[PDB]
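Reading through the structure tokens given below for one structure.
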Amino acid sequence: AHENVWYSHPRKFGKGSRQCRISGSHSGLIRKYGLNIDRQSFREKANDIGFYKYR
Amino acid sequence: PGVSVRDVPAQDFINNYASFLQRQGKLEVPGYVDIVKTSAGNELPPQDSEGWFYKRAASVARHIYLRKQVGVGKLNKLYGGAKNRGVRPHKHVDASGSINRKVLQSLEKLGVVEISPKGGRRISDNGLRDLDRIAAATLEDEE
Amino acid sequence: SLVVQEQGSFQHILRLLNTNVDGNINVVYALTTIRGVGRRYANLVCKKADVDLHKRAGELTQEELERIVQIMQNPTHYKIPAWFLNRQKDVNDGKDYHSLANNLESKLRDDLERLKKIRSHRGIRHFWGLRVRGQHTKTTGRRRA
Amino acid sequence: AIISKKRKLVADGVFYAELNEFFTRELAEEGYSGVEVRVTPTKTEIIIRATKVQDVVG
Amino acid sequence: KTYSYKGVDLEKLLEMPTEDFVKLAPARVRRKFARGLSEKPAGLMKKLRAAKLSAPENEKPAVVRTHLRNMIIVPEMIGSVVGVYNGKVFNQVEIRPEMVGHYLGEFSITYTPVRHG
Amino acid sequence: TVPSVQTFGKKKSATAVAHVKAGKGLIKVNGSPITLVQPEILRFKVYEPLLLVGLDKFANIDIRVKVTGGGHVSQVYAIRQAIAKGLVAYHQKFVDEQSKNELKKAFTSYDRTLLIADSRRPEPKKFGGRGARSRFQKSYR
Amino acid sequence: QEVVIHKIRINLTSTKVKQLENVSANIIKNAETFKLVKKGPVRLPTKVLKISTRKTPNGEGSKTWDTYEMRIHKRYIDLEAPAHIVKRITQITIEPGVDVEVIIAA
Amino acid sequence: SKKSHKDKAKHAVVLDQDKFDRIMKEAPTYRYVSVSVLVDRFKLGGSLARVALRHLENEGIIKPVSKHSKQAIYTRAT
RNA sequence: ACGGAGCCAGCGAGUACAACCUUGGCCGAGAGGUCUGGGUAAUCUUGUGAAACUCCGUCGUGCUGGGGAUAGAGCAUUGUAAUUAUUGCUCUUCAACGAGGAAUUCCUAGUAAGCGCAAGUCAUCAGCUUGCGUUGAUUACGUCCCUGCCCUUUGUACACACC
Ligand SMILES: [Mg+2]
Ligand SMILES: [Mg+2]
Ligand SMILES: [Mg+2]
Ligand SMILES: [Mg+2]
Ligand SMILES: [Mg+2]
Ligand SMILES: [Mg+2]
Ligand SMILES: [Mg+2]
Ligand SMILES: [Mg+2]
Ligand SMILES: [Mg+2]
Ligand SMILES: [Mg+2]
Ligand SMILES: [Mg+2]
Ligand SMILES: [Mg+2]
């Protein structure tokens, strides 16, 4: 774990640059309006957030 | 009575203005004409090999007369249609920017187009005067 | 508007750069029938030669053919830009050329055999006859014919 | 703090989700019921509706 | 003709700096070298110069193994034998004068050719 | 003040706002006279109120139409309805009852949409198909 | 000595309607109570904040989606009004949900 | 990749003097003139169909009923 | 089909502890580059001057100016990094393809279909999806014949239930 090599790869962008903010997952992420919550947790917490099924 | 460009059909007025601009020796064509697609959307140069630049200048001048003021990027959005992207769905491709820039600078040299404070370029009193004059020319040409 | 077109002079067959070309087609699209020359390049070559665009290839005169031929072998002399040329920067000698009917296919073959000899991945893929530009092959090009 | 108003409301919602889930994790032994986030010109009041209020206070 | 790259002769090809080749090289190389360079290709160049120096002047120099595939073959690199990582094997490749312009990855086939039946 | 009113006519997403005044028989759309409507083959569509009513009915009446939104033919139908409704409203407001009733009899006996806005509007699309009310395809194997 | 009019501006936001309308009505009533000239609670297009999402957490099942959304209503107000009474109005009659913001613009 | 039609040239790519006297002789007696009608008689290629068709508007040999693009509608002058 | 000319939308989205939407002015043929200026948004991109479409010409039944796959060379952009071509652009080769068997899918009014745009994926990349709007129909307005569904009656040696 030499500091020059450990976690040395850049992560400024791409699939793994940002995480789920709920689960830390990198799949099925919703970046719209800075939600940064994956789709399933969004479906779970939408009503608390302010999102509702309307039409 | 008095007549503006709005009282004459678009295509006939544009053709007549192109012919009038071609007849007189002003409105220099850039040395790179006969070379260019006029946009990435097209795949061939204009069928009218010489004189098409006058048509484009006439259309541009009429457009600035009708609208508020128009820059170069807006003209790029105006001209240019759908590119045949091989085996992919067509999209909208903006027109070539150099051609429209040269058109606007040539219209500036002719005095028909003035730099607008709000950005872009608007119509000038002398140029709009010639536009009304040639609109009258076309209108009494019709009958 | 129309002309009798001087019966007895309108050619029907031509041999420009050792390929037979039918002359009744429009000049630019008649020139398009030689390898290494497309509608755009032929159109520009005809434009620079001052020959009429709407003319017919079987009716334009001989010195017109040789002037067109001269234009379309050393384009950079006649103000054809560095771009718009077929083979630019020419990785044998660095001089932007334009390949033609026999020259195009021949020089493409030397480039292909260079890629075969150089032992590049693109070269061996070309030697095998498979797709080169990185397309899926599970479903693409599954029939030789 | 300057940010798009729609994004600001989305952030307020996700912050309320933050608070609600954290309080659910913590005050579960307290019979936690709900949380209200009231915003005043100066203070961001956070009302906790729970059963064992006296133990919640501690 | 024996070999010229872009009008620059083979004899000039052996003795010539990187930057002139960059100016001679196509657009992709131009952007790659204009975008700055990693330290790893510099170390590879140093090791490979050392390997060329070490060889007693009349055999093929000792193969230098390397994982780097993303850097290209400069005129200084000719006359050298490198083992490019293939996923398992540092596949051998001797760097010919026609190496130039290309990467190393073209000569370490990351997949085995597929044979059916 | 000059006797003048403002009416409008709509299509799917087109909207023509027409100002009618006591003028000199002056009919402009987007600042251009009616004879040069954007298209060419629906031109008679936009003359239709003119000829159905008769030009002499409004010879001292001027027309100014600004049409926005929607495609070409939707805009044309918008100008149609706007001009017709402007004529009817002006005759009701300042001319007489029988005149307006005669105009309505001439209009509604021909292409009812001339005075009544069209009720059809686009159907929202749904998941499971590329169309508003179409599905994608089935495989079954 | 604050007689200089600040031509102040009061804008609002919410995800709900009745509370926002109530706050705006109280603001207008307060402005009228002290003889204030104003531009009314001009309505702004309710911005629909929409996200489409697949329902299945695992991709299996018939293709079924859903659309969650809020609306934001803005209803900004500007006042050609004195200083202290306007500010006192801003720091009073605040309802959770609706967010009040004040711009002097003087 | 077929060969079924087996079509010949079947079109006068260049007008000839005898064909000119033809096009002029039945410039009348063709009570309706168009591009397709002109090329139906094997004497016009189709690009010069428009050329001869526009040329006939010289001394009023035929009259126009409509001059929309993509076609033409001409009757015999009476 | 290709040239010019006409010039028409509605859903969106858009930068802060980061670097987004980009106008406008200069360059380049284009992708693009550069200099400035707006917009934390009915304010600026944006009237998203979108395509199909319309008008005037070139083409003329020729796998042809259709079709643009497969390749050769070059120019740029994002990227630590692009070869196994990221993607865009310029010149060229231009293949199969002649309305597609058995069979089978979707759909009864702003519907199908054609046409594109926006948003989600996004540092770069859609031929995808979710939405939106443009032009906009033929044919039903019925039936249990095929495939099934609901209720009732009947028969059953079936109940892991006609697999
Ligand atoms: Mg166009
Ligand atoms: Mg067109
Ligand atoms: Mg097409
Ligand atoms: Mg549809
Ligand atoms: Mg084509
Ligand atoms: Mg709009
Ligand atoms: Mg357009
Ligand atoms: Mg072809
Ligand atoms: Mg997908
Ligand atoms: Mg039914
Ligand atoms: Mg049993
Ligand atoms: Mg059985």
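Note: ideal-geometry Cβ built from the backbone for every residue, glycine included; neighbour counts use all protein chains shown. Basis: the model, the stated rules and, where named, an outside source; none is laboratory data.
Just checking, which of G:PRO96, G:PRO57 is within 24 Å of A:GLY50 (Cα to Cα), within 14 Å of chain A (Cβ to nearest Cβ), touching a strand residue (DSSP E or B) at 6+ places or on another chain (Cβ under 6 Å) and not in a strand (DSSP E or B)? Talk me through it step by step, then tell me what you get.
Values: G:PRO57 fails: touching a strand residue (DSSP E or B) at 6+ places or on another chain (Cβ under 6 Å).
Exactly one residue qualifies, and that residue is G:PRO96.
When you scan the range C:44-145 for helices (runs of 4 or more DSSP H) that lie fully inside it, which ones turn up with 1 or more residues that are assigned by CATH to the domain that holds C:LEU17 and under 24 Å from C:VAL21 (Cα atoms)?
On the way: elements: C:62-71, C:101-118, C:121-128.
In the range C:44-145, C:62-71 are the helices (runs of 4 or more DSSP H) which contain 1 or more residues that are assigned by CATH to the domain that holds C:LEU17 and under 24 Å from C:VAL21 (Cα atoms).
Filter the range H:43-78 for residues that are closer than 20 Å to C:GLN7 by Cβ and more than 9 Å from the chain's Cα centre (by Cα); which is farthest from ligand 4 (Cβ to nearest atom)?
If we filter the range H:43-78 for residues that are closer than 20 Å to C:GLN7 by Cβ, which is where we start, we get H:43-45, H:47-49, H:51-52, H:55.
Going one step further and asking which of them are more than 9 Å from the chain's Cα centre (by Cα), we end up with H:47, H:55.
On the way: H:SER47: 39, H:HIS55: 47 Å.
Step by step, filter the range H:43-78, then rank; the result is H:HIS55.
Which condition number does F:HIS72 fail, the rest of (1) crowded, with 16+ Cβ neighbours inside 10 Å; (2) within 16 Å of ligand 7 (Cβ to nearest atom) being met?
(1) is the only condition that F:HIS72 fails.
Looking only at residues that are in a helix (DSSP H, G or I), over 16 Å from the mean Cα position of the chain (by Cα) and surrounded by 13 or more Cβ atoms within 10 Å (Cβ to Cβ) in the range G:28-54, which one is nearest to the other protein chains (Cβ to nearest Cβ)?
Going through the qualifying residues, I end up with G:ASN30.
Sort out which residues of the range E:92-111 are within 13 Å of C:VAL91 (Cβ to Cβ), over 8 Å from the mean Cα position of the chain (by Cα) and free of Cβ contacts under 8 Å to residues at least 60 places away in the same chain, and write them in order of number.
Once the filter is applied, which keeps residues that are within 13 Å of C:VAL91 (Cβ to Cβ), over 8 Å from the mean Cα position of the chain (by Cα) and free of Cβ contacts under 8 Å to residues at least 60 places away in the same chain, the range E:92-111 yields nothing.
How many residues does the range B:26-53 contain that are farther than 17 Å from B:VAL103 by Cβ, loosely packed, with under 14 Cβ neighbours inside 10 Å and of a type outside the set (D, E, K, R)?
3
Mind counting the residues in the range B:94-114 that are crowded, with 18+ Cβ neighbours inside 10 Å, assigned to a helix (DSSP H, G or I) and not polar (S, T, N, Q)?
5
Out of all the residues in the range B:121-141, is one or more away from chain C (no Cβ under 14 Å) and near RNA strand I (Cβ under 7 Å from one of its atoms)?
Step one: list which residues in the range B:121-141 are away from chain C (no Cβ under 14 Å), which gives B:121-141.
Of the ones still in play, those that are also near RNA strand I (Cβ under 7 Å from one of its atoms) are B:121.
Yes; the residues of the range B:121-141 include at least one that is away from chain C (no Cβ under 14 Å) and near RNA strand I (Cβ under 7 Å from one of its atoms).
Identify, from the list B:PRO89, B:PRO117, B:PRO46, the residue that is assigned to a loop (DSSP other than H, G, I, E, B) and within 15 Å of ligand 1 (Cβ to nearest atom). Spell out how you get there, then give the answer.
Working: B:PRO89 fails: within 15 Å of ligand 1 (Cβ to nearest atom); B:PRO117 fails: within 15 Å of ligand 1 (Cβ to nearest atom).
Of the residues listed, the single one that is assigned to a loop (DSSP other than H, G, I, E, B) and within 15 Å of ligand 1 (Cβ to nearest atom) is B:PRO46.
State which residue pairs qualify: first residue within 18 Å of A:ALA46 (Cα to Cα) and inside the range A:1-30, second residue aromatic (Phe, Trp, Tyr) and surrounded by 10 or more Cβ atoms within 10 Å (Cβ to Cβ) in any location, beta carbons under 9 Å apart, and separation of 6 or more residues or different chains.
Note: pairs meeting the criteria are A:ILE22/A:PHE42; A:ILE30/A:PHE42.
Just a yes or no: is a residue in the range H:48-59 surrounded by 10 or more Cβ atoms within 10 Å (Cβ to Cβ) and touching a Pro at 6+ places or on another chain (Cβ under 8 Å)?
yes
Kindly establish whether B:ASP94 is away from ligand 1 (no atom under 14 Å from the Cβ) and either within 14 Å of another protein chain (Cβ to nearest Cβ) or in contact (Cβ under 8 Å) with a residue 24 or more places away in the chain (or both). Even if it seems obvious, please write down each step before you answer.
On the way: away from ligand 1 (no atom under 14 Å from the Cβ): no; either within 14 Å of another protein chain (Cβ to nearest Cβ) or in contact (Cβ under 8 Å) with a residue 24 or more places away in the chain (or both): yes.
So B:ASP94 fails the test.
Out of the residues in the range C:105-134 that are touching a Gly at 6+ places or on another chain (Cβ under 8 Å) and not hydrophobic (A, V, I, L, M, F, W, C), state the one that is farthest from the other protein chains (Cβ to nearest Cβ).
C:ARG131
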